[PDB]
Amino acid sequence: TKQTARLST
Amino acid sequence: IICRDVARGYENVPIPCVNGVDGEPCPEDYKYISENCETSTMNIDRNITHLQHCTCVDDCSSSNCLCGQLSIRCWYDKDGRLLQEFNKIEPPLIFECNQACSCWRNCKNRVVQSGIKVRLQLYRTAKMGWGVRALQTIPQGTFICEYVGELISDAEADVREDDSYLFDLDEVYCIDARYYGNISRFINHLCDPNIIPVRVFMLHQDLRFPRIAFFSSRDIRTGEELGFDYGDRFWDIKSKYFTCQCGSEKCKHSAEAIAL
Ligand SMILES: C[S@@+](CC[C@H](N)C(=O)[O-])C[C@H]1O[C@@H](n2cnc3c(N)ncnc32)[C@H](O)[C@@H]1O
Ligand SMILES: [Zn+2]
Ligand SMILES: [Zn+2]
Ligand SMILES: [Zn+2]
Ligand SMILES: [Zn+2]
């Protein structure tokens with residue numbers, strides 16, 4: 001779980 | 001028909017911008033770049049002696065091509081489109097031929113490195129701001145464009161105030177297309193996507209830095225918006241600020257679906 005939104009494959 | 005080319009001549013083809021929906025001018029709060037940039041010390045491994053390469057003197061259509069083998073097989077057909085049986089849910093890593101290979105620049109394993117071929121348009125959508133649509137028919141498996149922007153660390157991405165354009169490359173690195181980006185920064189999320197991102201290696205094989213390539217996952221009609229599934233690492237965070245407007249009956253992130 002991260003603090004910022006990440007698009008991903 | 002508002003801007004003739006948002007790429008300012010940097011792509012193989014112009015990418016016009018139009019707005020037939022509201023009064024917002026074509027966007028200019030970013031720097032268009034056609035290839036990934038660095039803003040800190042990254043030291044991508046470009047050692048040519050480090051490159052795995054093939055010894056083919058044909059067009060690299062044979063199964064003996066090492067570069068194809070690194071990719072499990074070369075997934076490009078004679079027209080540079082992904083094979084139908086390409087794994088669209090869990091894509092393999094693609095290793096294109098490179099400058100260490102014996103083959104010529106026109107071999108069959110160099111699709112992404114050759115850049116944009118299809119006619120695209122930046123346009124204003126009804127409900128998701130700017131988006132990208134096709135100005136032509138695009139058969140399934142066609143290379144569209146690369147997700148291009150600012151290469152930053154995992155740590156740096158996570159203190160970025162604007163987290164609307166962050167793409168995780170896999171301890172990992174991230175492409176932020178907020179301040180620096182190409183046409184891909186404008187592609188919206190669709191719960192019923194027609195393109196998929198694929199990790200590709202070309203002029204280097206530094207595994208920290210795959211390049212992100214979008215291919216059509218099905219045939220696309222002229223005028224259809226392009227979109228991919230951004231994924232849960234995006235929506236888990238973002239849904240607490242806004243909901244999905246893709247309008248699909250299968251929508252997973254609508255105001256409703258979240259409530260249901
Ligand atoms: C990579 S940008 C896409 C380009 C954006 N529409 C623009 O005008 O700059 C991602 C942002 O676009 C908007 N967006 C993308 N897909 C959306 C969707 N399916 N529903 C609602 N907003 C979306 C959200 O604001 C999201 O943070
Ligand atoms: Zn080869
Ligand atoms: Zn090769
Ligand atoms: Zn080759
Ligand atoms: Zn949706």
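Keep in mind that the numbers below use all heavy atoms, side chains included, and drop hydrogens, waters and symmetry copies. Chain naming here is simple, since letters A, B, ... match the order of the sequence lines and numbering starts at 1 in each.
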Treating B:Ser239 as the side-chain partner and B:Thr243 as the backbone partner, does any N or O pair qualify as donor plus acceptor under 3.5 Å? no
Between B:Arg199 and B:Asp170 (salt bridge meaning N to carboxylate O under 4.0 Å), is one present in this structure? yes
Separation between CD (B:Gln113) and CZ (B:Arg211), nearest 0.5 Å, reads 8.0 Å
Side chains of B:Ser71 and B:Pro92, heavy atoms from C-beta outward: is any pair under 4.5 Å? no
Ring center gap for B:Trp235 and B:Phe242 short of 6.0 angstrom: yes
Closest heavy-atom contact between B:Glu146 and B:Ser184? O-OG, 2.7 Å
Under 4.0 Å between a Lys/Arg side-chain N and an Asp/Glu carboxylate O for B:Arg160 and B:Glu150? yes
Salt-bridge criterion met for B:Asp154 and A:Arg6 (N-O under 4.0 Å): yes
pair B:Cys174-B:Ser153: side-chain heavy atoms closer than 4.5 Å: no
Salt-bridge criterion met for B:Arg218 and B:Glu224 (N-O under 4.0 Å): yes
With heavy-atom distances below 4.5 Å as the criterion, would you say the side chains of B:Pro16 and B:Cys3 are in contact? no
One thing to verify: whether A:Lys2 and B:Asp168 come together as a salt bridge, which I'm taking to mean a side-chain N less than 4.0 angstrom from a carboxylate O. yes
Within the distance-only criterion (no hydrogens, no angle test), does the side chain of B:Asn12 pair as donor or acceptor with the backbone N or O of B:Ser114 below 3.5 angstrom? yes
Regarding B:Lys238 and B:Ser164, is there a side-chain donor-to-acceptor distance under 3.5 Å anywhere? yes
Are B:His50 and B:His204 an aromatic pair, judged by ring center distance below 6.0 Å? no
B:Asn64 side chain to B:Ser62 side chain, donor-acceptor N/O pair below 3.5 angstrom: no
Minimum side-chain heavy-atom gap B:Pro27-B:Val6 below 4.5 Å: no
Whether the side chain of B:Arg110 engages the backbone of B:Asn98 through a donor-acceptor N/O pair (distance < 3.5 Å, no angle test) should be reported. yes
Going by the angle between their ring planes, with limits at 30° and 60°, are B:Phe234 and B:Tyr230 parallel, tilted or perpendicular? perpendicular
Within the structure provided, determine whether B:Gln136 and B:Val118 are in side-chain contact (heavy-atom separation under 4.5 Å). yes
I need the B:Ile116 CD1 to B:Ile144 CD1 distance, nearest 0.5 Å. 9.5 Å
Between B:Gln140 (side chain) and B:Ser216 (backbone), is there a donor-acceptor pair under 3.5 Å? no
Would you confirm whether the ring centroid of B:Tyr30 sits within less than 6.0 angstrom of the ring centroid of B:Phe186? yes
Kindly say whether A:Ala5 contributes a backbone atom to a donor-acceptor pair with the side chain of B:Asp163 at under 3.5 angstrom? yes
Looking at B:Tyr180, I'd like to know if its OH atom is crowded, meaning that more than 12 non-hydrogen atoms belonging to other residues, nucleotides or ligands lie closer than 6.0 Å. no
Tightest non-hydrogen contact, residues B:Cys67 and B:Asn109, listed as CB-ND2, 3.5 Å
Are the side chain of B:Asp158 and the backbone N or O of A:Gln3 linked by a donor-acceptor pair below 3.5 Å? yes
N-O pairing of B:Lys252 and B:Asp229 below 4.0 Å: yes
Cystine candidate B:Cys26-B:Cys17, SG separation under 2.5 Å: yes
Using 0.5 Å steps for rounding, measure from the CG atom of B:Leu82 to the SG atom of B:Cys74. 9.5 Å
Could you check whether B:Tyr32 and B:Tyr10 have their ring centres less than 6.0 Å apart? no
Under 6.0 Å from the CZ atom of B:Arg8, do we count more than 12 heavy atoms belonging to anything else shown? yes
Check: B:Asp232 side chain, B:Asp236 main-chain N or O, donor-acceptor pair, under 3.5 Å: no
Are B:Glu225 and B:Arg133 close enough for a salt bridge, meaning some N to O gap below 4.0 Å? no
Does any part of the side chain of A:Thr9, heavy atoms only, come nearer than 4.5 Å to the side chain of B:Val198, both counted from C-beta? no
Are the side chains of B:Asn36 and B:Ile175 in contact, using a 4.5 Å heavy-atom criterion? yes
Using side-chain heavy atoms (C-beta onward) and a distance below 4.5 Å, is B:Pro139 in contact with B:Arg81? yes
Salt bridge or not between B:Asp176 and B:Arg178? Use side-chain N to carboxylate O under 4.0 Å. no
